Amino acid sequence: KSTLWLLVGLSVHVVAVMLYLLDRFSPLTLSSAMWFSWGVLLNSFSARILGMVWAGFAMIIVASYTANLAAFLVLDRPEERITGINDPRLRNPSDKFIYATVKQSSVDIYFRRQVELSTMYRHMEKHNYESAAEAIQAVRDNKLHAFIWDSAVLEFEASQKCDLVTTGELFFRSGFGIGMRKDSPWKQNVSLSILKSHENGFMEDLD
Amino acid sequence: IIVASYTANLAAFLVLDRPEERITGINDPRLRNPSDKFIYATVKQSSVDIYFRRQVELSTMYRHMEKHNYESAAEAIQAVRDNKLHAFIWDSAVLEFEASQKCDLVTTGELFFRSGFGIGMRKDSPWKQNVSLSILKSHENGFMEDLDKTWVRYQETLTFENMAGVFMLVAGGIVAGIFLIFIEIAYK
Amino acid sequence: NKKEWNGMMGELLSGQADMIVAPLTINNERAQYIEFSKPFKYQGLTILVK
Amino acid sequence: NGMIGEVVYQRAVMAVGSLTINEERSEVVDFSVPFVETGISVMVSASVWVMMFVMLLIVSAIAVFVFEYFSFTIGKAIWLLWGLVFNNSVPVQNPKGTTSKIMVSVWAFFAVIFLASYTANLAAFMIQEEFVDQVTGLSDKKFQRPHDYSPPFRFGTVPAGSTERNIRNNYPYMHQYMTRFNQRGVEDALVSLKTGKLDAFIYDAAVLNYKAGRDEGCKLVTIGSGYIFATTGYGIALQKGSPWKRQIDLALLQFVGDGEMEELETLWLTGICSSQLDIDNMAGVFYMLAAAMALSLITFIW
Amino acid sequence: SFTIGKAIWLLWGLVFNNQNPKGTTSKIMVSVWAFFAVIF
Amino acid sequence: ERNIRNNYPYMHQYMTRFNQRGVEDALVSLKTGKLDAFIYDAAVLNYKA
Amino acid sequence: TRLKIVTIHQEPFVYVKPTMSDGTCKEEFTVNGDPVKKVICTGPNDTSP
Amino acid sequence: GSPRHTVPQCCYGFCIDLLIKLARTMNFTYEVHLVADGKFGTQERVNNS
Ligand SMILES: *[C@@H]1O[C@H](CO)[C@@H](O[C@@H]2O[C@H](CO)[C@@H](O)[C@H](O)[C@H]2NC(C)=O)[C@H](O)[C@H]1NC(C)=O
Ligand SMILES: *[C@@H]1O[C@H](CO)[C@@H](O[C@@H]2O[C@H](CO)[C@@H](O)[C@H](O)[C@H]2NC(C)=O)[C@H](O)[C@H]1NC(C)=O
Ligand SMILES: *[C@@H]1O[C@H](CO)[C@@H](O)[C@H](O)[C@H]1NC(C)=O
Ligand SMILES: *[C@@H]1O[C@H](CO)[C@@H](O)[C@H](O)[C@H]1NC(C)=O
Ligand SMILES: *[C@@H]1O[C@H](CO)[C@@H](O)[C@H](O)[C@H]1NC(C)=O
Ligand SMILES: *[C@@H]1O[C@H](CO)[C@@H](O)[C@H](O)[C@H]1NC(C)=O
């Protein structure tokens, strides 16, 4: 992350001529009536009745044009974003939205255990990428459309690159810790030191 | 620029903004935990009450609607009309026909417990098959459609909100203006 | 100390009626005891507001 | 043939696969209670002017009163008044009377808030997106002759279905029109609707609802929500005198009776889901200017 | 007549639609500027 | 409180004048205006909001 | 051959209107020239209280 | 990309600072190295036996 205005121009070029014809019927006069119509159509005695009629129609036309330009610019913005995992163009995808994940990632196993995600699984098995920078450069050159990844990494990528924008959903709120062996003497004090970093602002220092 | 900002905030005041007078369905948490105001109700001793009694987590509604169980549905219509009620769980097409009768009666957006109305029968009896055969024969032709046309299907710029008071104020200010002109008569 | 039926169902079980012709709600509890034909109307539930 | 041939000739017991219900299927086998709302469907691709006129007469009467107090704007203030509804910057007249100036100030303040309210009313009209409806239902005049309307369009069903039996019992002539309008593939008929090889299509309701709920672009158009249609449902067919029918119907109403059926409906269904023209009111503009030139032609003869 | 350099006042006033210009160039230019003010 | 006493004992002394007892009582105190801020577990406050 | 049919006063479905003179029904029409096919029913006027 | 070219390079960042903090806290030296692939590791059948 108009033609109707041309119709209005033809109509007013009929209106000014018929106003000068009505002035000629029951009386630089031609240029005076023309320039009076120039004042009328842009908002800068029987003919004055058609003049006030056309003035009312000119204001209602420009008010309707202000209304539909505001209509065309206000409501036509927010249909572009993706609704997350519950998108029917992703729940029932096609050859248009290209979304993928990292090859041999645990997110793929998390999607594999959930047996209502086999369609997205068979979609994403066509584009299994090795590293994250592959997906970054591929979505950067419009060769992708979406990517499935954890939160703060893509937040940092949005901070670095302004064109990369995440979605609003935050699902599978998981945690990252330290991968370990089996039963080992290096288990207790490591978690104690992590929680000691949590109790002070050392985690905030790392932030 | 001030009168354009006045146009802008009146468009903010009456066009897009809309307070939630409705409920937007059963999944409104305001009716999951009621109070003295948000009064929901049902007809006394109906199958809706038993269906909510089987609901193991909606026991609050089952223990709250006992204060407001009503005998007939017309009691419920008159109670919600006189602002005694605020919600009423009921079958859809009945309230649709009542909306065709009374314009203020409005249904909700969500549609749940999609059930059916049929004909009540006894046990094993020689009037079991032919009733269903006649009902299905009514469904295959337009006889159900004609009964819908008689009862089911048959139903029944402005600028008067904040400018009618302006209309009254302009119509009242004319007399005070002419009175100030009588003051100018008293001068002249 | 017994759960018993009332209304149209209670009067039908007593034999005071022969056939309920009414907008009868179809559910599990009624089908355990009486029989149903095939339904004429299909509708869900809704909330009445003002 | 098919599942009816499997059950009637006793090669099976019941069909969990879906099936419509008509009279002869009720003759040969016995259905269960319905569990899903599945009929059939067709898929395709006032006094403001009066009181302002009264207020215009009030303004003209007060202008006459200004003429009486303190010499051409007696009844000629109408052009000034309805020229200053719209703020057109037209040189009309500069009233010497203070009463007329205060009255035109009140009128112009009312006109400014009037046009602001009219912009708000057009935004409220913009809120309601219109949805045109070509076919009202099964009782349409389009279902009498396709050449009665200027394009002769086309619609059909799937072969060998009970909807074809419903047509042959209801409209044999429209069955003869559908003889040239048959098709074979459901997704092939979808491609025919998208590309333009087919106009309308008649099938069951919820299948088309699910195929439209995942239809990309949302360009497909339904007709209502099942109003003027067959109003039927899906069930499970059992043999005449089956020992399982009572328990199966109790279990189906139990699955209705806890929202578990509603849970599976929520799981297996996803029912999601414009230019610069106002040519109705513009045709009104043309009609009112034609009326205005007619009134001018009336006033020419004096 | 005196609207040589004094046209700034009436020019920015006709932006908001609050002297009659005798020049045809003045009328056409003020009409273009006021149409731009309307769309602005 | 233990995390504050390991972080800010001076602010613990300020909170010594600023103590309270009832969680919903402090909620009502926030409703009326008897309190400017309240430090508490986040998801419970999310459910309360 | 004669079936006892019980019903309840349903507001769109079952309309209970008092008779004209004695056990008779005013055969009124609809908007399509169809007379409203009424029937003789027996019931109380109010409930038990 | 690179089947056989293995060098020592300079690795730093967030978890590197975390490992430096843990070695500053707990009494151990440490060896830092990359992994032979670009993958975390998933449970998969080897194509023999
Ligand atoms: C690292 O882990 C060891 C586990 O051996 C722990 O050592 C304990 O230290 C505390 C005092 O700091 C004593 O009360 C325990 O008796 C010690 N246990 C034993 C037998 O070692 C402790 O968690 C950490 N400290 C170190 C370096 O020993
Ligand atoms: C249900 O109605 C059917 C007719 O639809 C009845 O069966 C008929 O009984 C008469 C007796 O003389 C026979 O002549 C007809 O041939 C029968 N028709 C059929 C369909 O075979 C039947 O009596 C009624 N009762 C039930 C519930 O079966
Ligand atoms: C019903 O009839 C009884 C006569 O016993 C009468 O007391 C009661 O008021 C009636 N209720 C009405 C008016 O419906
Ligand atoms: C990058 O990898 C290639 C292929 O193995 C190797 O030839 C090259 O020397 C490496 N680049 C560096 C860091 O020298
Ligand atoms: C680590 O332990 C050794 C003794 O085993 C000791 O000599 C060394 O100073 C210790 N390092 C520290 C200070 O953690
Ligand atoms: C899979 O089989 C291929 C030979 O087709 C082999 O080269 C490869 O090493 C095997 N993969 C694994 C998981 O060892």
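Definitions and limits used
Residues numbered from 1 in each chain as written, not as in the entry; some residues may be left out. Chains lettered and ligands numbered in written order. Part of a larger assembly, values for the part shown. Heavy atoms only, no water. Contact = heavy atoms within 4.5 Å. Buried area = accessible area lost by both parts, 1.4 Å probe. Salt bridge = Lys/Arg side-chain N within 4 Å of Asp/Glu carboxyl O. Polar contact = N/O pair within 3.5 Å; in protein donor to acceptor, adjacent residues only side chain to side chain. Nonpolar A, V, L, I, M, F, W, Y, C, P; charged D, E, K, R; others polar. Patch = residues over 30% accessible without salt bridge, like charges linked within 9 Å, V, L, I, M, F, W, Y side chains within 5 Å. Areas by Shrake-Rupley, 256 points an atom, 1.4 Å probe, with all protein chains shown as cover. Helix = DSSP H or I, 4+ residues; strand = E, 2+ residues; numbered from the N terminus. Near = heavy atom within 4 Å. Pairing = 2+ DSSP bridges. Disulfide = S-S within 2.5 Å. UniProt positions renumbered as here; feature names shortened; annotations may be inferred. Buried < 20%, exposed > 50% of the residue type's maximum accessible area, 1.4 Å probe, protein only.

## Details of the interface of chain A and chain E
Alright, step 1. Chain A puts four residues into the contact, and the matching count from chain E is eight residues.
Alright, step 2. Regarding the contact of chain A and chain E, the summed buried area is about 580 Å², with carbon and sulfur atoms giving 72% of it.
Alright, step 3. Among the residues of chain A in contact with chain E, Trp35, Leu42 and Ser44 of chain A are the three that bury the most area, contributing 70% of the side total.
Alright, step 4. Viewed at the interface, chain E and chain A are joined by zero salt bridges.
Alright, step 5. One can count zero residue pairs in polar contact joining chain A with chain E.
Alright, step 6. Grouping the amino acids of the side of chain A that touches chain E by side-chain chemistry returns two nonpolar, two polar and no charged.

## Here we look at a nonpolar patch on the surface
Alright, step 1. A cluster of nonpolar side chains, namely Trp5 of chain A together with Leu11, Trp33, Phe35, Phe36, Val38, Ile39 and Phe40 of chain E, defines an oily patch on the protein surface of about 910 Å² accessible area.
Alright, step 2. Looking at the nonpolar patch element by element, the count peaks at five residues for helix α2 (residues 24–39) of chain E.
Alright, step 3. Mapping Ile39 of chain E onto the fold places it in helix α2.

## Regarding the site of ligand 6
Residues and elements named next belong to chain H.
Alright, step 1. Near ligand 6, the surroundings consist of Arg45, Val46 and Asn47.
Alright, step 2. A distance of 2.4 Å is found between an oxygen atom of ligand 6 and a side-chain nitrogen or oxygen belonging to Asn47.
Alright, step 3. Against a free-state accessible area of 360 Å², the protein chains account for coverage of 27% of ligand 6.

## A short note on the arrangement of the chains
Alright, step 1. The chain pair with the greatest number of contacts, out of nine pairs of chains in contact, is formed by chains B and C.
Alright, step 2. There is a gap between chain F and chain G: no contact, and a shortest C-alpha distance of 42 Å.

## Observations concerning the interface of chain C and chain B
When the parts come together, some accessible area is lost, and that loss is often what is quoted as the size of the interface.
Alright, step 1. Contacts between chain C and chain B engage 34 residues on the former and 48 residues on the latter.
Alright, step 2. Together chain C and chain B conceal approximately 4,200 Å² of surface at their shared face, both sides included; 57% is due to carbon and sulfur atoms.
Alright, step 3. When the buried area of chain C at its contact with chain B is split by residue, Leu45, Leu48 and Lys50 of chain C rank highest and sum to 23% of it.
Alright, step 4. Counting across the chain C and chain B interface gives three salt bridges.
Alright, step 5. The residue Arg54 of chain B makes a salt bridge to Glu29 of chain C at a minimum N-O spacing of 2.3 Å.
Alright, step 6. Secondary-structure elements contributing two or more residues to the side of chain C that touches chain B are α1 (7–13), β1 (19–25), α2 (28–31), β2 (35–36) and β3 (41–47) of chain C.
Alright, step 7. Taken together, the residues that form the side of chain C that touches chain B break down as 19 nonpolar, eight polar and seven charged.
Alright, step 8. Of the strand pairs in this sheet, strand β3 (residues 112–121) of chain B and β3 of chain C are connected by four bridges, and their pairing is antiparallel.

## A few points about the UniProt feature "disulfide bond" in chain D
Residue and element names in this part refer to chain D.
Alright, step 1. Look at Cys218 and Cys273: UniProt has them disulfide-bonded, and their sulfurs are 2.0 Å apart, which fits a closed bridge. Here the residue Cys218 occupies a position in the loop between α9 (205–213) and β5 (237–238), and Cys273 occupies one in the loop between α11 (260–268) and α12 (279–299), the gap between them amounting to 55 residues.
Alright, step 2. Since its relative accessible area comes to 28%, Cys218 is described here as partly exposed.
Alright, step 3. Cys273 gets classed as exposed once you look at its relative accessible area, which sits at 74%.

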